[PDB]
Amino acid sequence: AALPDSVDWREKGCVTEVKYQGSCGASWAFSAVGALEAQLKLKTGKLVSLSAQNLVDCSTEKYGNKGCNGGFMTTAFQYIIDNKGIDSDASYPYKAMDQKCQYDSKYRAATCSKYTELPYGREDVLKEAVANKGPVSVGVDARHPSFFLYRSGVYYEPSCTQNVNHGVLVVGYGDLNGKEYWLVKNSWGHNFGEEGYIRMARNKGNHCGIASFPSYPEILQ
Ligand SMILES: O=C(CO)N1CCc2c(c(-c3ccc(Cl)c(C#Cc4ccc(Cl)cc4)c3)nn2CCCN2CCOCC2)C1
């Protein structure tokens with residue numbers, strides 16, 4: 001045991017406000033910028049919301065992504081590398097639909113040097129990345145009423161699978177009343193769960209596929 005028993009990156013002012021994706025399946029775009037927003041804060045001291053809409057409109061078919069019909073955080077990061085930047089959310093706000101690409105380099109608020117993917121199903125490796133690097137973009141299996149209806153406590157769904165279909169951000173981990181959890185930031189607004197967060201069962205056999213496809217970006221000096 002060489003890691004903290006608990007982490008929460010919100011407490012270092014590294015997490016932006018919970019967003020609301022609505023009826024556009026842009027959880028992957030929110031997951032991606034969430035993670036890159038923390039690296040930018042660590043780097044620059046400034047906490048700035050980055051443009052998930054930029055990803056939806058611009059990180060498209062060349063990156064295997066389909067906008068509001070889904071995509072991946074790893075290739076969202078590759079776009080941001082290839083494009084040599086991403087706009088701030090305030091210059092390029094979220095509309096919850098597919099649009100023409102309107103990136104403007106004058107409004108670039110972050111960059112990406114590289115990203116790292118973690119091995120599938122490894123909750124000890126995920127825990128290390130979150131303690132030592134920052135918030136980690138993950139997929140979860142969110143296709144269950146109990147997920148949609150989640151209010152509080154440590155989520156555990158018996159019929160949850162490791163096949164992921166929903167992009168979220170791991171911003172911490174800990175133990176609440178006997179139950180180890182990952183602290184997860186969703187993009188369903190503030191009225192979902194614990195002011196927009198869900199604590200999901202940890203060290204429970206890759207529960208809901210939380211450790212199936214982690215990745216995190218880096219901004220180097
Ligand atoms: O789960 C498995 C196998 O166990 N999956 C099959 C294999 C897989 C899944 C996810 C993955 C990771 C994270 C997220 Cl977030 C998602 C998603 C999503 C999503 C879908 C629809 C909408 Cl509307 C929104 C989000 C998928 N990543 N991968 C790895 C494949 C990555 N690649 C290879 C390179 O080009 C892009 C696709 C899913």
# chains A, B, ... in the order shown; residues from 1 in each chain; ligands from 1
>>> select_by_dssp(residues="chain A", states="helix (DSSP H, G or I)", output="JSON, numbers by chain")
{"A": [9, 10, 11, 12, 27, 28, 29, 30, 31, 32, 33, 34, 35, 36, 37, 38, 39, 40, 41, 42, 43, 44, 52, 53, 54, 55, 56, 57, 58, 61, 62, 63, 67, 68, 69, 73, 74, 75, 76, 77, 78, 79, 80, 81, 82, 83, 105, 106, 107, 123, 124, 125, 126, 127, 128, 129, 130, 131, 132, 145, 146, 147, 148, 207, 208, 209]}
>>> residues_near_ligand(ligand="ligand 1", cutoff="6 Å", atoms="only C-alpha atoms and all ligand atoms", output="VMD selection string")
chain A and resid 25 to 28 64 68 to 72 138 to 139 162 to 167 213
>>> write_last_selection(atoms="N, CA, C and O atoms", output="short mmCIF file (atom, residue, chain, number, x, y, z; two decimals), in the first residue's frame")
data_model
loop_
_atom_site.label_atom_id
_atom_site.label_comp_id
_atom_site.auth_asym_id
_atom_site.auth_seq_id
_atom_site.Cartn_x
_atom_site.Cartn_y
_atom_site.Cartn_z
N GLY A 25 -25.57 11.90 -27.78
CA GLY A 25 -24.75 10.90 -27.11
C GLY A 25 -23.30 11.32 -27.15
O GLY A 25 -22.47 10.70 -27.83
N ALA A 26 -23.01 12.37 -26.41
CA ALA A 26 -21.70 13.01 -26.41
C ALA A 26 -20.95 12.80 -25.08
O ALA A 26 -20.05 13.57 -24.75
N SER A 27 -21.33 11.77 -24.32
CA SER A 27 -20.67 11.42 -23.06
C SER A 27 -19.14 11.17 -23.21
O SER A 27 -18.34 11.46 -22.31
N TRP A 28 -18.78 10.59 -24.34
CA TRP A 28 -17.39 10.41 -24.74
C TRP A 28 -16.65 11.75 -24.92
O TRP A 28 -15.49 11.85 -24.58
N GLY A 64 -12.93 7.63 -36.25
CA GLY A 64 -13.85 6.55 -35.91
C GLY A 64 -15.02 6.93 -35.01
O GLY A 64 -15.64 6.07 -34.41
N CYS A 68 -22.95 12.74 -32.09
CA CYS A 68 -24.05 12.42 -31.18
C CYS A 68 -24.45 10.95 -31.19
O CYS A 68 -25.15 10.50 -30.29
N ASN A 69 -24.01 10.20 -32.19
CA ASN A 69 -24.14 8.75 -32.20
C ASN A 69 -22.94 8.00 -31.60
O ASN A 69 -22.84 6.78 -31.73
N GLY A 70 -22.03 8.72 -30.94
CA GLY A 70 -20.99 8.07 -30.15
C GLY A 70 -19.61 8.23 -30.74
O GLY A 70 -19.42 8.73 -31.85
N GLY A 71 -18.63 7.79 -29.97
CA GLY A 71 -17.23 7.91 -30.33
C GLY A 71 -16.38 7.49 -29.14
O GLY A 71 -16.89 6.96 -28.16
N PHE A 72 -15.10 7.76 -29.21
CA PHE A 72 -14.13 7.31 -28.23
C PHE A 72 -13.29 8.48 -27.74
O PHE A 72 -12.96 9.37 -28.51
N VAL A 138 -13.08 7.08 -18.67
CA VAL A 138 -13.48 5.70 -18.74
C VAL A 138 -14.82 5.56 -19.45
O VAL A 138 -15.54 6.55 -19.68
N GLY A 139 -15.09 4.33 -19.88
CA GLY A 139 -16.43 3.92 -20.27
C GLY A 139 -17.00 3.12 -19.12
O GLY A 139 -16.25 2.55 -18.32
N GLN A 162 -19.30 -5.78 -18.34
CA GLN A 162 -18.03 -5.11 -18.64
C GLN A 162 -17.99 -4.52 -20.05
O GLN A 162 -17.02 -3.86 -20.43
N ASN A 163 -19.04 -4.74 -20.83
CA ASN A 163 -19.18 -4.08 -22.13
C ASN A 163 -19.67 -2.64 -21.99
O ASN A 163 -20.80 -2.39 -21.59
N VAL A 164 -18.83 -1.68 -22.35
CA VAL A 164 -19.09 -0.29 -22.07
C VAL A 164 -19.76 0.38 -23.25
O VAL A 164 -19.63 -0.06 -24.39
N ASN A 165 -20.50 1.44 -22.93
CA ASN A 165 -21.32 2.15 -23.87
C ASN A 165 -21.60 3.60 -23.44
O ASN A 165 -22.42 4.27 -24.07
N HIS A 166 -20.88 4.10 -22.43
CA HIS A 166 -21.13 5.42 -21.85
C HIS A 166 -19.84 6.04 -21.28
O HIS A 166 -19.19 5.45 -20.43
N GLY A 167 -19.52 7.25 -21.73
CA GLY A 167 -18.31 7.95 -21.32
C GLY A 167 -18.45 8.78 -20.06
O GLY A 167 -19.30 9.65 -19.97
N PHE A 213 -11.76 0.29 -20.35
CA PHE A 213 -10.99 1.18 -21.26
C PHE A 213 -10.68 2.57 -20.68
O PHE A 213 -11.24 3.60 -21.11
#
>>> closest_residue(among="A:9, A:150, A:103, A:115", to="residue 217 in chain A", atoms="only C-alpha atoms")
A:115
>>> closest_atom_pairs(of="range 98-164 of chain A", to="range 183-204 of chain A", cutoff="6 Å", atoms="only C-alpha atoms", output="JSON lines")
{"residue": "A:150", "atom": "CA", "partner": "A:193", "partner_atom": "CA", "distance": 5.4}
{"residue": "A:151", "atom": "CA", "partner": "A:193", "partner_atom": "CA", "distance": 4.0}
{"residue": "A:152", "atom": "CA", "partner": "A:193", "partner_atom": "CA", "distance": 5.6}
{"residue": "A:154", "atom": "CA", "partner": "A:199", "partner_atom": "CA", "distance": 4.9}
{"residue": "A:155", "atom": "CA", "partner": "A:200", "partner_atom": "CA", "distance": 4.7}
{"residue": "A:156", "atom": "CA", "partner": "A:201", "partner_atom": "CA", "distance": 5.7}
>>> write_last_selection(atoms="C-alpha atoms", output="PDB file, in the first residue's frame")
ATOM      1  CA  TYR A 150     -29.368   6.506  -9.126  1.00  0.00           C
ATOM      2  CA  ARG A 151     -29.624   9.038  -6.268  1.00  0.00           C
ATOM      3  CA  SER A 152     -26.926   8.202  -3.716  1.00  0.00           C
ATOM      4  CA  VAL A 154     -22.217   3.194  -3.764  1.00  0.00           C
ATOM      5  CA  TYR A 155     -23.843   1.894  -6.963  1.00  0.00           C
ATOM      6  CA  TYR A 156     -23.813  -1.854  -7.562  1.00  0.00           C
TER       7      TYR A 156
END
>>> residues_around(residues="residue 34 in chain A", least_positions_apart="5", cutoff="10 Å", atoms="only C-alpha atoms", output="number ranges by chain")
A: 14-19, 28-29, 39, 48-52, 135-137, 168-171, 185-187, 216
>>> atom_distance(atom1="CA of residue 131 in chain A", atom2="CA of residue 174 in chain A")
11.0 Å
>>> closest_residue(among="A:86, A:32, A:126, A:81", to="residue 3 in chain A", atoms="only C-alpha atoms")
A:126
>>> select_by_dssp(residues="range 15-114 of chain A", states="strand (DSSP E or B)", output="list in words")
residues 20, 50, 86, 87, 88, 108, 109, 110 and 114 of chain A
>>> residues_around(residues="residue 113 in chain A", least_positions_apart="3", cutoff="7 Å", atoms="only C-alpha atoms", output="list in words")
residues 81, 218, 219 and 220 of chain A
>>> closest_residue(among="A:40, A:211, A:130, A:33", to="residue 89 in chain A", atoms="only C-alpha atoms")
A:33
>>> atom_distance(atom1="CA of residue 175 in chain A", atom2="CA of residue 158 in chain A")
19.7 Å
>>> decode(residues="range 44-70 of chain A", atoms="N, CA, C and O atoms", output="mmCIF file, in the first residue's frame")
data_model
loop_
_atom_site.group_PDB
_atom_site.id
_atom_site.type_symbol
_atom_site.label_atom_id
_atom_site.label_comp_id
_atom_site.auth_asym_id
_atom_site.auth_seq_id
_atom_site.Cartn_x
_atom_site.Cartn_y
_atom_site.Cartn_z
ATOM 1 N N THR A 44 -1.443 25.058 -15.822
ATOM 2 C CA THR A 44 -1.541 26.515 -15.977
ATOM 3 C C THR A 44 -2.089 27.271 -14.782
ATOM 4 O O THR A 44 -2.082 28.510 -14.787
ATOM 5 N N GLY A 45 -2.567 26.548 -13.777
ATOM 6 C CA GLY A 45 -3.296 27.156 -12.663
ATOM 7 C C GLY A 45 -4.708 27.622 -13.004
ATOM 8 O O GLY A 45 -5.453 28.025 -12.113
ATOM 9 N N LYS A 46 -5.081 27.602 -14.281
ATOM 10 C CA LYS A 46 -6.413 28.059 -14.704
ATOM 11 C C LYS A 46 -7.369 26.876 -14.938
ATOM 12 O O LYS A 46 -7.035 25.898 -15.614
ATOM 13 N N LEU A 47 -8.557 26.962 -14.356
ATOM 14 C CA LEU A 47 -9.549 25.925 -14.561
ATOM 15 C C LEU A 47 -10.471 26.445 -15.651
ATOM 16 O O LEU A 47 -11.239 27.359 -15.415
ATOM 17 N N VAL A 48 -10.365 25.890 -16.859
ATOM 18 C CA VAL A 48 -11.234 26.302 -17.979
ATOM 19 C C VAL A 48 -11.979 25.132 -18.644
ATOM 20 O O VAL A 48 -11.343 24.205 -19.147
ATOM 21 N N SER A 49 -13.318 25.175 -18.661
ATOM 22 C CA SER A 49 -14.115 24.258 -19.495
ATOM 23 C C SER A 49 -13.721 24.296 -20.981
ATOM 24 O O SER A 49 -13.633 25.382 -21.602
ATOM 25 N N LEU A 50 -13.481 23.096 -21.518
ATOM 26 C CA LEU A 50 -13.078 22.887 -22.891
ATOM 27 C C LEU A 50 -14.271 22.378 -23.653
ATOM 28 O O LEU A 50 -15.221 21.874 -23.061
ATOM 29 N N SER A 51 -14.198 22.552 -24.971
ATOM 30 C CA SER A 51 -15.313 22.394 -25.876
ATOM 31 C C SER A 51 -15.598 20.941 -26.318
ATOM 32 O O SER A 51 -15.028 20.432 -27.295
ATOM 33 N N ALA A 52 -16.509 20.281 -25.606
ATOM 34 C CA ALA A 52 -16.993 18.976 -26.025
ATOM 35 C C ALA A 52 -17.602 19.022 -27.440
ATOM 36 O O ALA A 52 -17.523 18.043 -28.190
ATOM 37 N N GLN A 53 -18.214 20.152 -27.790
ATOM 38 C CA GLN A 53 -18.872 20.359 -29.101
ATOM 39 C C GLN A 53 -17.870 20.385 -30.242
ATOM 40 O O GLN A 53 -18.169 19.955 -31.348
ATOM 41 N N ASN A 54 -16.690 20.913 -29.961
ATOM 42 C CA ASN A 54 -15.545 20.893 -30.873
ATOM 43 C C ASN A 54 -15.206 19.442 -31.276
ATOM 44 O O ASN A 54 -14.952 19.144 -32.443
ATOM 45 N N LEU A 55 -15.230 18.557 -30.291
ATOM 46 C CA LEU A 55 -14.968 17.145 -30.487
ATOM 47 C C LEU A 55 -16.077 16.511 -31.334
ATOM 48 O O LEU A 55 -15.793 15.853 -32.329
ATOM 49 N N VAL A 56 -17.334 16.754 -30.950
ATOM 50 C CA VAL A 56 -18.503 16.233 -31.671
ATOM 51 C C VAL A 56 -18.472 16.644 -33.137
ATOM 52 O O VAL A 56 -18.556 15.773 -34.013
ATOM 53 N N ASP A 57 -18.263 17.938 -33.398
ATOM 54 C CA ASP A 57 -18.241 18.470 -34.774
ATOM 55 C C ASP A 57 -16.985 18.140 -35.602
ATOM 56 O O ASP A 57 -17.045 18.131 -36.849
ATOM 57 N N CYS A 58 -15.837 17.936 -34.945
ATOM 58 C CA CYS A 58 -14.552 17.929 -35.665
ATOM 59 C C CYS A 58 -13.766 16.625 -35.602
ATOM 60 O O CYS A 58 -13.063 16.284 -36.552
ATOM 61 N N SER A 59 -13.849 15.928 -34.471
ATOM 62 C CA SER A 59 -13.214 14.624 -34.311
ATOM 63 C C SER A 59 -14.215 13.557 -34.809
ATOM 64 O O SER A 59 -14.823 12.822 -34.005
ATOM 65 N N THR A 60 -14.404 13.501 -36.125
ATOM 66 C CA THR A 60 -15.449 12.660 -36.702
ATOM 67 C C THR A 60 -14.873 11.371 -37.343
ATOM 68 O O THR A 60 -14.261 10.550 -36.646
ATOM 69 N N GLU A 61 -15.066 11.213 -38.652
ATOM 70 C CA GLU A 61 -14.931 9.918 -39.336
ATOM 71 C C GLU A 61 -13.484 9.427 -39.461
ATOM 72 O O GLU A 61 -13.234 8.223 -39.374
ATOM 73 N N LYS A 62 -12.548 10.356 -39.643
ATOM 74 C CA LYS A 62 -11.118 10.067 -39.572
ATOM 75 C C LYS A 62 -10.683 9.464 -38.238
ATOM 76 O O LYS A 62 -9.645 8.821 -38.174
ATOM 77 N N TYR A 63 -11.455 9.693 -37.174
ATOM 78 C CA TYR A 63 -11.124 9.211 -35.836
ATOM 79 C C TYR A 63 -12.079 8.134 -35.357
ATOM 80 O O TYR A 63 -12.043 7.757 -34.192
ATOM 81 N N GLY A 64 -12.932 7.633 -36.245
ATOM 82 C CA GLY A 64 -13.853 6.547 -35.909
ATOM 83 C C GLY A 64 -15.017 6.930 -35.006
ATOM 84 O O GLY A 64 -15.642 6.066 -34.410
ATOM 85 N N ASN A 65 -15.313 8.222 -34.929
ATOM 86 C CA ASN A 65 -16.358 8.776 -34.072
ATOM 87 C C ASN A 65 -17.542 9.257 -34.927
ATOM 88 O O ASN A 65 -17.350 9.683 -36.085
ATOM 89 N N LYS A 66 -18.742 9.239 -34.340
ATOM 90 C CA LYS A 66 -19.988 9.539 -35.044
ATOM 91 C C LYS A 66 -20.758 10.665 -34.359
ATOM 92 O O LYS A 66 -21.985 10.663 -34.390
ATOM 93 N N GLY A 67 -20.056 11.588 -33.701
ATOM 94 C CA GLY A 67 -20.700 12.700 -32.988
ATOM 95 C C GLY A 67 -21.700 12.287 -31.925
ATOM 96 O O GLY A 67 -21.358 11.582 -30.983
ATOM 97 N N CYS A 68 -22.951 12.737 -32.090
ATOM 98 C CA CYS A 68 -24.048 12.423 -31.175
ATOM 99 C C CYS A 68 -24.448 10.947 -31.185
ATOM 100 O O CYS A 68 -25.151 10.500 -30.292
ATOM 101 N N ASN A 69 -24.006 10.203 -32.194
ATOM 102 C CA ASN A 69 -24.135 8.746 -32.199
ATOM 103 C C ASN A 69 -22.942 7.997 -31.597
ATOM 104 O O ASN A 69 -22.843 6.783 -31.732
ATOM 105 N N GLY A 70 -22.033 8.716 -30.943
ATOM 106 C CA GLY A 70 -20.988 8.070 -30.153
ATOM 107 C C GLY A 70 -19.607 8.228 -30.741
ATOM 108 O O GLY A 70 -19.423 8.727 -31.847
#
